[PDB]
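Have a look below at one chain only, the form deposited in one PDB entry, in structure tokens format.
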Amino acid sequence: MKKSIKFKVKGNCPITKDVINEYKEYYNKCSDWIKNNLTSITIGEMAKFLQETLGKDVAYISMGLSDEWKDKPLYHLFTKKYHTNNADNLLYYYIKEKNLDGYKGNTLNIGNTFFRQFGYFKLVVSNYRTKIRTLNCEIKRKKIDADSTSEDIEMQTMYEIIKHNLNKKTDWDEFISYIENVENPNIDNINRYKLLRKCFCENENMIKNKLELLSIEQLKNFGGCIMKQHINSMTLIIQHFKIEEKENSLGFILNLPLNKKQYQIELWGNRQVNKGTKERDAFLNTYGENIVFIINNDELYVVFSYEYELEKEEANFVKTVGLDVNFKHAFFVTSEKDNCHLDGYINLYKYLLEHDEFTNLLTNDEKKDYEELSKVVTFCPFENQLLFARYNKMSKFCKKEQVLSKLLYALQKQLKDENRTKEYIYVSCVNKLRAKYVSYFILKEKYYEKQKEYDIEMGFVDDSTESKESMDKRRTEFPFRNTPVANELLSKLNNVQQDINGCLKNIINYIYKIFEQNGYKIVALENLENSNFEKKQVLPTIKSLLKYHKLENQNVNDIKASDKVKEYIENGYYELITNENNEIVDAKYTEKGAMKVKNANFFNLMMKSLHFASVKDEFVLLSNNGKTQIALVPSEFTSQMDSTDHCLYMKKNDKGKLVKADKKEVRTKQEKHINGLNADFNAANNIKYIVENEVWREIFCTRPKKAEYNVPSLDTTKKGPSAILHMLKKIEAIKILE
């Protein structure tokens, strides 16, 4: 098992940004040639050239000339079948003997073995291996009719296999049976999928073969692996260099060969690598060959690698607890009732309801909901609705937000005074995160506004469309990303996001240490894999209100409605400029609806910026060294299942059978579930059941392996709403909703 330590170089090093730009340009040229000749040259055609020009009897020329690899194209060098070193040597010596990457040496005259062969070429090769060893095809979706040609139905069956992972016979039984029991089902699409199931059960192997062949065919238009302009780093592999402790110091000295002689590079010390620590022995004894020089914030850092052991424990299943991630009332809700049993735990919802100034502003419903929440072990009182009052000055929650903030900051002051440091850090990070997200939202909105201003100012004119050959030249030559205005906004956004990430890590560390210290052996979590939810909140933009909805040519007095759009028309959302002959010329966003668009952007961005799916990763990282292991469970029907029956709710539609009811019929409001409990305290007990129950543990979660770094003790087996719905019915965990 490997690891990294990053060091800060102390004095001056000859490795500047030119030494790295040269490395990047060489990478780009080599990868350019590799992609341009991915299919045009066969392996034997290169091995023969090496044999004739050099006359060497070696395995890397004696493998490309064998009949197994003789006529296959270049890209088979990166496939997992070909020997790694033989392919590296064959490709490198063909490239070298032909001088195809335009190499003229490096400025520091580092040994070509370390700068070129085991340097940027060894990275080009690995980047083309990851591209090729996992190769896919891009298929555009297309609406079909009943009388559709077999090829289009054949192609759209390929499209569906990619997007829904339907490769067995049963994976089409489940997906059909999951979108068909929907109450008032959509007949437009179910027929399409029933038709596409016919092709799969008729032309299965043909489908797979055509998938693979199309994936190879599209590779001709592949642009190649490109090293980004913002990378500012360089990797060298050197077999013989030494790292020694700087005498009478906590730092280190790096001796590497430059220009056929040793150059001393002095490094600072790391508290990870301290004199009396086994970590220093492990680093010094067994440091690896790869050396990374990376420039970050105008500071040179050198990364090494070494071998260290892992002692991650194994799951015990004696004391478990679930955890759900929300955004409206609390960031993390656990499956534990707050009974003053967690040492070092501070309940902020108990605290906030002890103040009469806070409960006064709450309605009789809100009071009851907050008191419901306060009886549960909870964390990080994120308030999505209250927080947006900071940006929206004319909001209905502005006064409640101020009271909340004042009480939280006062608790912060008190905890600081009383020397309860962990709770103080937790409270301060909650407070900082709440404002940092608002800062991020303001900065990103400014980015959007500035980009619109710049794009409108430049005034692009296109001769035609559908191809970059027709689009205006200045779009690629002068992007907004290169403007000085954009760069500072992006840097401020980076700073804000860095603060956000640190605060989230502090909160998660607090939670993990609380549960570890109180005897909990496992923490269960949803296997969250995506946080880029579609922005379902729609307020049609100005252009879409004149070029798509055709509201431009309508009469001002008598407007042709389009379903819900008339509701927007009635409300003061758009200040439609009228025309002389009772028509509409131009549309303007009224401020009342502009605030609604802002709220849509705010909530949409909160999902991503707070790393909704990455909470499990932080818990896993803390579990690498801790005493509590993290179990990942399926993230379907945990906020829809009863937590005492342990059953999903199925109703009957018309003269139908048991069908899955709508999610809004089990969660009447976001804070409650039909069985009474909180909609999150309900989910947290669903998450706990999958790992608490021995029988359910095997069905939904992978078997316990040997411990591994950054890998949960348990992980999910099957993925997708349809897959979970079937396994629920086999143990008959289903109840009839009235």
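Numbering starts at 1 and follows the sequence shown. Definition used throughout: the rigid core is the maximal C-alpha set that superposes within 1.5 Å between two forms.
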Entries skipping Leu528: at least a third of other ones: yes
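The form deposited in another entry is left out here; the points below concern that form.
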Of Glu371, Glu583, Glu245, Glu266, the one whose Cα moves 2 Å or more between the shown form and the other one after core superposition: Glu583
Residue shift check between the shown form and the other one, rigid core fit, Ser62 Cα at least 2 Å: no
Rigid core superposed: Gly572 CA moves 2 Å or more between the shown form and the other one: yes
Per-residue C-alpha change between the shown form and the other one, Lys17, threshold 2 Å, rigid core fit: no
CA-CA separation of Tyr193 and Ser635, closer or farther in that other deposited form than in the form shown [shift of 3 angstroms or more]: farther
Comparison of CA distance in that other deposited form with shown form for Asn165, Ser635, at least 3 Å: farther
